[PDB]
>>> print(open('upload_34.cif').read())   # mmCIF, C-alpha atoms
data_run
loop_
_atom_site.group_PDB
_atom_site.id
_atom_site.type_symbol
_atom_site.label_atom_id
_atom_site.label_comp_id
_atom_site.auth_asym_id
_atom_site.auth_seq_id
_atom_site.Cartn_x
_atom_site.Cartn_y
_atom_site.Cartn_z
ATOM 1 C CA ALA O 1 7.603 18.746 -1.580
ATOM 2 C CA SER O 2 8.355 17.716 -5.185
ATOM 3 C CA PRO O 3 6.589 14.349 -4.897
ATOM 4 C CA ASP O 4 8.387 12.997 -7.990
ATOM 5 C CA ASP O 5 11.668 12.354 -6.126
ATOM 6 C CA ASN O 6 9.741 10.007 -3.800
ATOM 7 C CA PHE O 7 9.499 7.553 -6.667
ATOM 8 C CA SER O 8 11.721 6.979 -9.711
ATOM 9 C CA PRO O 9 11.426 8.075 -13.381
ATOM 10 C CA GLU O 10 10.331 4.646 -14.583
ATOM 11 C CA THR O 11 7.953 4.136 -11.639
ATOM 12 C CA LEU O 12 6.110 7.371 -12.459
ATOM 13 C CA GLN O 13 5.650 6.367 -16.105
ATOM 14 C CA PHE O 14 4.287 3.008 -14.902
ATOM 15 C CA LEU O 15 1.879 4.586 -12.398
ATOM 16 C CA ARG O 16 0.651 7.219 -14.830
ATOM 17 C CA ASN O 17 0.011 4.747 -17.646
ATOM 18 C CA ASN O 18 -1.753 2.206 -15.436
ATOM 19 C CA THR O 19 -3.602 4.355 -12.906
ATOM 20 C CA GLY O 20 -3.813 7.708 -14.654
ATOM 21 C CA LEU O 21 -2.494 9.493 -11.552
ATOM 22 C CA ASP O 22 0.661 11.579 -11.229
ATOM 23 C CA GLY O 23 3.458 11.949 -8.667
ATOM 24 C CA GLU O 24 1.689 14.525 -6.522
ATOM 25 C CA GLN O 25 -1.510 12.483 -6.398
ATOM 26 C CA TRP O 26 0.284 9.242 -5.490
ATOM 27 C CA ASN O 27 2.393 11.064 -2.939
ATOM 28 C CA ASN O 28 -0.783 12.381 -1.299
ATOM 29 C CA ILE O 29 -2.368 8.940 -1.371
ATOM 30 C CA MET O 30 0.702 7.476 0.345
ATOM 31 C CA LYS O 31 0.635 10.108 3.091
ATOM 32 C CA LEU O 32 -2.980 9.208 3.825
ATOM 33 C CA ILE O 33 -2.248 5.461 3.850
ATOM 34 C CA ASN O 34 0.975 5.715 5.859
ATOM 35 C CA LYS O 35 -0.638 7.711 8.666
ATOM 36 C CA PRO O 36 -2.804 4.795 9.921
ATOM 37 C CA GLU O 37 -0.219 2.153 8.944
ATOM 38 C CA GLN O 38 2.940 3.585 10.502
ATOM 39 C CA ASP O 39 1.733 6.849 12.065
ATOM 40 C CA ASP O 40 4.297 8.661 9.932
ATOM 41 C CA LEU O 41 3.710 10.949 6.946
ATOM 42 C CA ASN O 42 7.296 10.500 5.743
ATOM 43 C CA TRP O 43 6.442 7.336 3.821
ATOM 44 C CA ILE O 44 9.621 7.064 1.728
ATOM 45 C CA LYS O 45 11.450 5.881 4.820
ATOM 46 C CA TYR O 46 9.328 2.715 4.540
ATOM 47 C CA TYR O 47 10.713 1.576 1.192
ATOM 48 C CA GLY O 48 13.370 -0.002 3.430
ATOM 49 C CA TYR O 49 11.032 -0.986 6.264
ATOM 50 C CA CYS O 50 11.934 -4.484 7.511
ATOM 51 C CA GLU O 51 10.831 -6.120 10.720
ATOM 52 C CA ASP O 52 9.895 -9.407 12.374
ATOM 53 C CA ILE O 53 6.573 -8.636 14.054
ATOM 54 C CA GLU O 54 6.544 -11.987 15.918
ATOM 55 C CA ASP O 55 3.351 -12.915 14.052
ATOM 56 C CA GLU O 56 4.628 -16.144 12.450
ATOM 57 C CA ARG O 57 4.686 -14.560 8.962
ATOM 58 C CA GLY O 58 8.444 -14.163 8.664
ATOM 59 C CA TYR O 59 9.637 -10.619 7.987
ATOM 60 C CA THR O 60 7.304 -7.767 7.079
ATOM 61 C CA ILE O 61 8.904 -5.603 4.372
ATOM 62 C CA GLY O 62 8.191 -2.417 2.493
ATOM 63 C CA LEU O 63 5.214 -0.141 2.011
ATOM 64 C CA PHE O 64 2.301 -2.529 1.834
ATOM 65 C CA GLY O 65 2.852 -5.262 4.407
ATOM 66 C CA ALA O 66 4.470 -7.915 2.217
ATOM 67 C CA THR O 67 5.910 -10.779 4.278
ATOM 68 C CA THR O 68 8.629 -13.357 3.556
ATOM 69 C CA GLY O 69 6.403 -16.138 4.870
ATOM 70 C CA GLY O 70 5.882 -18.368 7.862
ATOM 71 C CA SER O 71 3.667 -21.056 9.376
ATOM 72 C CA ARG O 72 0.786 -18.588 9.392
ATOM 73 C CA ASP O 73 1.580 -17.044 5.999
ATOM 74 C CA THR O 74 2.247 -19.685 3.361
ATOM 75 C CA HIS O 75 1.186 -17.456 0.442
ATOM 76 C CA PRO O 76 3.320 -14.417 1.174
ATOM 77 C CA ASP O 77 3.885 -11.651 -1.382
ATOM 78 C CA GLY O 78 7.511 -11.159 -0.350
ATOM 79 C CA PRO O 79 8.850 -13.663 -2.916
ATOM 80 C CA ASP O 80 7.032 -11.731 -5.672
ATOM 81 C CA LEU O 81 8.636 -8.500 -4.467
ATOM 82 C CA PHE O 82 12.139 -10.002 -4.641
ATOM 83 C CA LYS O 83 11.518 -11.572 -8.040
ATOM 84 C CA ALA O 84 10.355 -8.162 -9.295
ATOM 85 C CA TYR O 85 13.597 -6.625 -7.992
ATOM 86 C CA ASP O 86 15.651 -9.254 -9.835
ATOM 87 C CA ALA O 87 13.664 -8.369 -12.964
ATOM 88 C CA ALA O 88 14.151 -4.620 -12.417
ATOM 89 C CA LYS O 89 17.902 -5.292 -12.186
ATOM 90 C CA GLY O 90 17.799 -6.949 -15.609
ATOM 91 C CA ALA O 91 17.619 -10.707 -14.999
ATOM 92 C CA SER O 92 16.363 -12.657 -18.041
ATOM 93 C CA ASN O 93 15.026 -15.417 -15.764
ATOM 94 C CA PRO O 94 14.132 -13.344 -12.672
ATOM 95 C CA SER O 95 13.544 -15.090 -9.371
ATOM 96 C CA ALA O 96 13.417 -14.457 -5.628
ATOM 97 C CA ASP O 97 16.563 -16.596 -5.301
ATOM 98 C CA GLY O 98 18.343 -14.469 -7.909
ATOM 99 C CA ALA O 99 17.440 -11.359 -5.945
ATOM 100 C CA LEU O 100 18.733 -12.733 -2.633
ATOM 101 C CA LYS O 101 21.993 -13.698 -4.338
ATOM 102 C CA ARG O 102 22.469 -10.186 -5.783
ATOM 103 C CA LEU O 103 21.908 -8.795 -2.328
ATOM 104 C CA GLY O 104 24.247 -11.281 -0.660
ATOM 105 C CA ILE O 105 21.459 -12.548 1.572
ATOM 106 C CA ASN O 106 21.725 -16.106 2.881
ATOM 107 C CA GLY O 107 18.256 -17.335 2.016
ATOM 108 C CA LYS O 108 16.287 -19.413 -0.483
ATOM 109 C CA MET O 109 12.765 -20.089 -1.664
ATOM 110 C CA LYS O 110 11.450 -23.179 0.103
ATOM 111 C CA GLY O 111 8.110 -23.961 -1.494
ATOM 112 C CA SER O 112 6.141 -20.707 -1.565
ATOM 113 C CA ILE O 113 8.029 -19.279 1.413
ATOM 114 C CA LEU O 114 11.377 -17.500 1.712
ATOM 115 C CA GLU O 115 13.660 -19.208 4.212
ATOM 116 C CA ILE O 116 16.090 -16.598 5.585
ATOM 117 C CA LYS O 117 19.199 -17.855 7.444
ATOM 118 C CA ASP O 118 20.750 -14.465 8.244
ATOM 119 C CA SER O 119 19.792 -12.762 11.505
ATOM 120 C CA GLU O 120 17.217 -9.961 11.488
ATOM 121 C CA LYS O 121 20.053 -7.491 12.058
ATOM 122 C CA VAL O 122 21.841 -8.678 8.905
ATOM 123 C CA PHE O 123 18.732 -9.234 6.740
ATOM 124 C CA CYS O 124 16.872 -6.046 7.614
ATOM 125 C CA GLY O 125 20.148 -4.140 7.503
ATOM 126 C CA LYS O 126 20.440 -5.002 3.834
ATOM 127 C CA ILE O 127 16.816 -4.072 3.122
ATOM 128 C CA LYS O 128 17.245 -0.699 4.857
ATOM 129 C CA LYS O 129 20.017 0.066 2.356
ATOM 130 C CA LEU O 130 17.560 -0.260 -0.553
ATOM 131 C CA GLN O 131 15.480 2.767 0.420
ATOM 132 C CA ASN O 132 16.947 4.889 -2.361
ATOM 133 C CA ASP O 133 17.605 2.112 -4.879
ATOM 134 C CA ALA O 134 15.577 2.963 -8.026
ATOM 135 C CA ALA O 135 15.116 -0.695 -8.969
ATOM 136 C CA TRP O 136 13.843 -1.572 -5.485
ATOM 137 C CA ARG O 137 11.372 1.362 -5.617
ATOM 138 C CA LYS O 138 10.193 0.160 -9.020
ATOM 139 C CA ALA O 139 9.849 -3.444 -7.785
ATOM 140 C CA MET O 140 7.988 -2.167 -4.727
ATOM 141 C CA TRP O 141 5.452 -0.288 -6.824
ATOM 142 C CA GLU O 142 5.009 -3.023 -9.419
ATOM 143 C CA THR O 143 4.276 -5.502 -6.656
ATOM 144 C CA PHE O 144 1.981 -3.089 -4.764
ATOM 145 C CA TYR O 145 0.178 -2.727 -8.126
ATOM 146 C CA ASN O 146 -0.206 -6.475 -8.754
ATOM 147 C CA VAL O 147 -1.351 -7.192 -5.188
ATOM 148 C CA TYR O 148 -3.725 -4.277 -4.512
ATOM 149 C CA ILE O 149 -3.705 -1.357 -6.939
ATOM 150 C CA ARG O 150 -4.671 -3.049 -10.200
ATOM 151 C CA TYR O 151 -7.838 -4.502 -8.690
ATOM 152 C CA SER O 152 -8.730 -1.183 -7.005
ATOM 153 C CA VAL O 153 -8.290 0.763 -10.272
ATOM 154 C CA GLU O 154 -10.370 -1.854 -12.127
ATOM 155 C CA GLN O 155 -13.241 -1.511 -9.618
ATOM 156 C CA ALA O 156 -13.177 2.283 -9.996
ATOM 157 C CA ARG O 157 -13.054 2.207 -13.808
ATOM 158 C CA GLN O 158 -15.864 -0.351 -13.986
ATOM 159 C CA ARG O 159 -18.077 2.225 -12.286
ATOM 160 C CA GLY O 160 -16.819 5.129 -14.370
ATOM 161 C CA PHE O 161 -14.837 6.601 -11.452
ATOM 162 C CA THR O 162 -11.220 7.716 -11.929
ATOM 163 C CA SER O 163 -10.569 10.267 -9.176
ATOM 164 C CA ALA O 164 -7.488 10.151 -6.982
ATOM 165 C CA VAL O 165 -9.651 10.030 -3.855
ATOM 166 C CA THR O 166 -11.688 7.074 -5.120
ATOM 167 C CA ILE O 167 -8.629 5.089 -6.162
ATOM 168 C CA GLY O 168 -6.760 5.922 -2.966
ATOM 169 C CA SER O 169 -9.720 4.959 -0.777
ATOM 170 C CA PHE O 170 -10.184 1.639 -2.590
ATOM 171 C CA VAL O 171 -6.451 0.904 -2.224
ATOM 172 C CA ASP O 172 -6.474 1.731 1.503
ATOM 173 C CA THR O 173 -9.428 -0.659 1.904
ATOM 174 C CA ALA O 174 -7.780 -3.501 -0.056
ATOM 175 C CA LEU O 175 -4.478 -3.077 1.764
ATOM 176 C CA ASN O 176 -6.127 -2.987 5.201
ATOM 177 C CA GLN O 177 -8.958 -5.523 4.824
ATOM 178 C CA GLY O 178 -8.147 -7.524 1.699
ATOM 179 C CA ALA O 179 -9.082 -7.106 -1.959
ATOM 180 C CA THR O 180 -11.381 -10.085 -2.555
ATOM 181 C CA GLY O 181 -13.142 -12.801 -0.633
ATOM 182 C CA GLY O 182 -15.328 -12.111 2.392
ATOM 183 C CA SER O 183 -17.906 -9.445 3.094
ATOM 184 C CA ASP O 184 -15.280 -7.287 4.848
ATOM 185 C CA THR O 185 -12.978 -6.991 1.815
ATOM 186 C CA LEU O 186 -12.957 -4.298 -0.892
ATOM 187 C CA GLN O 187 -14.992 -6.694 -3.047
ATOM 188 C CA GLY O 188 -17.483 -7.396 -0.256
ATOM 189 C CA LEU O 189 -17.977 -3.748 0.693
ATOM 190 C CA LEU O 190 -18.499 -2.688 -2.930
ATOM 191 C CA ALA O 191 -21.218 -5.323 -3.260
ATOM 192 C CA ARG O 192 -23.092 -3.539 -0.442
ATOM 193 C CA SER O 193 -22.398 0.061 -1.507
ATOM 194 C CA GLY O 194 -25.228 0.595 -3.954
ATOM 195 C CA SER O 195 -25.240 1.551 -7.610
ATOM 196 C CA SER O 196 -25.115 5.353 -7.621
ATOM 197 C CA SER O 197 -23.504 6.769 -10.750
ATOM 198 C CA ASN O 198 -22.575 9.926 -8.834
ATOM 199 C CA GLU O 199 -18.996 9.453 -7.604
ATOM 200 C CA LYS O 200 -19.411 11.574 -4.467
ATOM 201 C CA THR O 201 -22.645 9.848 -3.423
ATOM 202 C CA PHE O 202 -21.165 6.416 -4.092
ATOM 203 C CA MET O 203 -18.050 7.162 -2.047
ATOM 204 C CA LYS O 204 -20.092 8.594 0.860
ATOM 205 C CA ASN O 205 -22.084 5.355 0.877
ATOM 206 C CA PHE O 206 -18.960 3.203 0.548
ATOM 207 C CA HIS O 207 -17.238 4.976 3.437
ATOM 208 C CA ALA O 208 -20.341 4.530 5.636
ATOM 209 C CA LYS O 209 -20.365 0.758 4.998
ATOM 210 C CA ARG O 210 -16.610 0.544 5.555
ATOM 211 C CA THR O 211 -16.934 2.349 8.907
ATOM 212 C CA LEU O 212 -19.127 -0.494 10.209
ATOM 213 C CA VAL O 213 -16.348 -3.129 9.956
ATOM 214 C CA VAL O 214 -13.119 -1.109 9.879
ATOM 215 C CA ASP O 215 -12.634 -1.057 13.674
ATOM 216 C CA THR O 216 -12.881 -4.812 14.054
ATOM 217 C CA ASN O 217 -9.672 -5.373 16.039
ATOM 218 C CA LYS O 218 -8.182 -7.585 13.319
ATOM 219 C CA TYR O 219 -7.971 -4.607 10.944
ATOM 220 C CA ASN O 220 -7.347 -1.684 13.297
ATOM 221 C CA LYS O 221 -7.260 -0.805 16.969
ATOM 222 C CA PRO O 222 -10.371 1.339 17.606
ATOM 223 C CA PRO O 223 -10.820 4.151 16.879
ATOM 224 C CA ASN O 224 -7.929 4.151 14.365
ATOM 225 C CA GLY O 225 -10.103 2.457 11.751
ATOM 226 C CA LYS O 226 -12.901 4.982 12.045
ATOM 227 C CA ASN O 227 -10.283 7.746 11.770
ATOM 228 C CA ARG O 228 -8.517 6.332 8.721
ATOM 229 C CA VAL O 229 -11.752 6.194 6.709
ATOM 230 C CA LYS O 230 -12.789 9.616 8.026
ATOM 231 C CA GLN O 231 -9.701 11.050 6.268
ATOM 232 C CA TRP O 232 -11.034 9.995 2.858
ATOM 233 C CA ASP O 233 -14.621 10.900 3.578
ATOM 234 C CA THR O 234 -13.552 14.414 4.631
ATOM 235 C CA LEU O 235 -11.764 14.943 1.324
ATOM 236 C CA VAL O 236 -14.960 13.926 -0.458
ATOM 237 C CA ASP O 237 -17.015 16.463 1.592
ATOM 238 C CA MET O 238 -14.439 19.164 0.852
ATOM 239 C CA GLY O 239 -14.591 18.257 -2.836
ATOM 240 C CA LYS O 240 -10.824 17.677 -3.079
ATOM 241 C CA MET O 241 -11.257 14.599 -5.293
ATOM 242 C CA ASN O 242 -8.241 15.356 -7.520
ATOM 243 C CA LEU O 243 -5.710 15.423 -4.658
ATOM 244 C CA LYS O 244 -3.629 18.166 -6.263
ATOM 245 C CA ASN O 245 -2.659 21.388 -4.485
ATOM 246 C CA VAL O 246 -3.960 20.043 -1.167
ATOM 247 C CA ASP O 247 -0.868 20.156 1.084
ATOM 248 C CA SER O 248 -2.588 22.050 3.904
ATOM 249 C CA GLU O 249 -5.772 19.956 3.672
ATOM 250 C CA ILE O 250 -3.729 16.730 3.910
ATOM 251 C CA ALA O 251 -1.917 18.134 6.966
ATOM 252 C CA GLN O 252 -5.326 18.871 8.512
ATOM 253 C CA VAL O 253 -7.045 15.526 7.834
ATOM 254 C CA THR O 254 -4.091 13.497 9.117
ATOM 255 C CA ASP O 255 -3.994 15.544 12.305
ATOM 256 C CA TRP O 256 -5.346 12.885 14.684
ATOM 257 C CA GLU O 257 -3.896 10.723 17.445
ATOM 258 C CA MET O 258 -3.359 7.027 16.730
ATOM 259 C CA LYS O 259 -5.053 5.105 19.590
#
>>> encode(input="upload_34.cif", output="structure tokens")
Amino acid sequence: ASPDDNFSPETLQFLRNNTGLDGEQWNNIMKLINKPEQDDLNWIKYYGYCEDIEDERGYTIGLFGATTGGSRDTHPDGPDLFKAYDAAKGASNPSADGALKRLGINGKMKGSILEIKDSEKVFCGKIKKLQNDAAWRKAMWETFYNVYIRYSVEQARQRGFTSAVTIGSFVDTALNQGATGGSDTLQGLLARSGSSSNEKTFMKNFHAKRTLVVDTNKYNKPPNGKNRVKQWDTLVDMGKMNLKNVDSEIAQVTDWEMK
């Protein structure tokens, strides 16, 4: 195992200081999130994930579904990811354009979208190469943090909850259904989850409310949604809230067929 190698030295310091969780805990969280997202526990392979999913959002890249932008995604997070990479590489005036230049990618920021001129073969080929680039891993995590993790950690701390299971479950919810906005988002679900000060009770309630909307086709293909939340709820029932020394348990709860 040795979860630490799945990150980078600087990334672990960042995650520990801002989320209070360590390498093993984040590694376990990622296994649980990657199962319903890519049906693959080997999540580090997705640092270099790049693909045009023909959904009019440009290219989908990385671990958390960031896109480069398209007619149907005019507020993508991809530009932020690239700017973060430029920053991680030391740019004093970091920018998505600076990042593309460093990478030798023929593309530019057009408005709030990234306009890529290279073919998918060329573009994604370059992204694939970044899988073990420490700066790319750092940029990936910083962006994942700004888009979904920060808010999830804030919601947990507001309620006096700091467990790995709670944070991981909130993050899975935000990533899959959105952080804020409608009743189906992390924000919306929390508003309907009660006010129990007992972490286990609260999470059992939260998971029950999430199960009602998780299988709506737009979020997951049934019964994948029900199964993804079941993973977290099971850990709560087993009392494995700290997500440390749970390799066999994780192997057991992710043992389910997608679709």
>>> atom_distance(input="upload_34.cif", atom1="atom CA of residue O:173", atom2="atom CA of residue O:232")
10.8 Å
>>> closest_residue(input="upload_34.cif", among="O:112, O:185, O:131, O:227", to="residue O:257", atoms="only C-alpha atoms")
O:227
>>> residues_around(input="upload_34.cif", residues="stretch 237-250 of chain O", least_positions_apart="3", cutoff="10 Å", atoms="all atoms listed in the file", output="number ranges by chain")
O: 1, 21-29, 31-32, 41, 162-168, 199-200, 204, 231-234, 253-255
>>> resolve_selection(input="upload_34.cif", expression="the PyMOL selection byres ((chain O and resi 214) around 9)", output="number ranges by chain")
O: 173, 176-177, 184, 209-213, 215-220, 222, 224-226, 228-229
>>> residues_around(input="upload_34.cif", residues="residue O:119", least_positions_apart="6", cutoff="12 Å", atoms="all atoms listed in the file", output="list in words")
residues 51, 52, 58, 59, 105, 106, 107, 125 and 126 of chain O
>>> resolve_selection(input="upload_34.cif", expression="the PyMOL selection byres ((chain O and resi 96) around 6)", output="MDAnalysis selection string")
chainID O and resid 79 82:83 95 97:99
>>> resolve_selection(input="upload_34.cif", expression="the PyMOL selection byres ((chain O and resi 89) around 12)", output="VMD selection string")
chain O and resid 82 to 88 90 to 95 98 to 99 102 to 103 133 to 139
>>> closest_residue(input="upload_34.cif", among="O:156, O:61, O:189, O:50", to="residue O:121", atoms="only C-alpha atoms")
O:50
>>> residues_around(input="upload_34.cif", residues="residue O:174", least_positions_apart="2", cutoff="12 Å", atoms="only C-alpha atoms", output="VMD selection string")
chain O and resid 33 64 to 65 144 to 153 155 167 to 172 176 to 182 184 to 190 210 214 219
>>> residues_around(input="upload_34.cif", residues="residue O:115", least_positions_apart="2", cutoff="10 Å", atoms="all atoms listed in the file", output="compact mmCIF listing (two decimals) with C-alpha atoms, keeping the file's coordinate frame")
# COMPACT_ATOMS: atom_id res chain seq x y z
CA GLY O 58 8.44 -14.16 8.66
CA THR O 68 8.63 -13.36 3.56
CA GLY O 69 6.40 -16.14 4.87
CA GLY O 70 5.88 -18.37 7.86
CA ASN O 106 21.72 -16.11 2.88
CA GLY O 107 18.26 -17.34 2.02
CA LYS O 108 16.29 -19.41 -0.48
CA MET O 109 12.76 -20.09 -1.66
CA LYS O 110 11.45 -23.18 0.10
CA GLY O 111 8.11 -23.96 -1.49
CA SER O 112 6.14 -20.71 -1.56
CA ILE O 113 8.03 -19.28 1.41
CA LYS O 117 19.20 -17.86 7.44
CA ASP O 118 20.75 -14.46 8.24
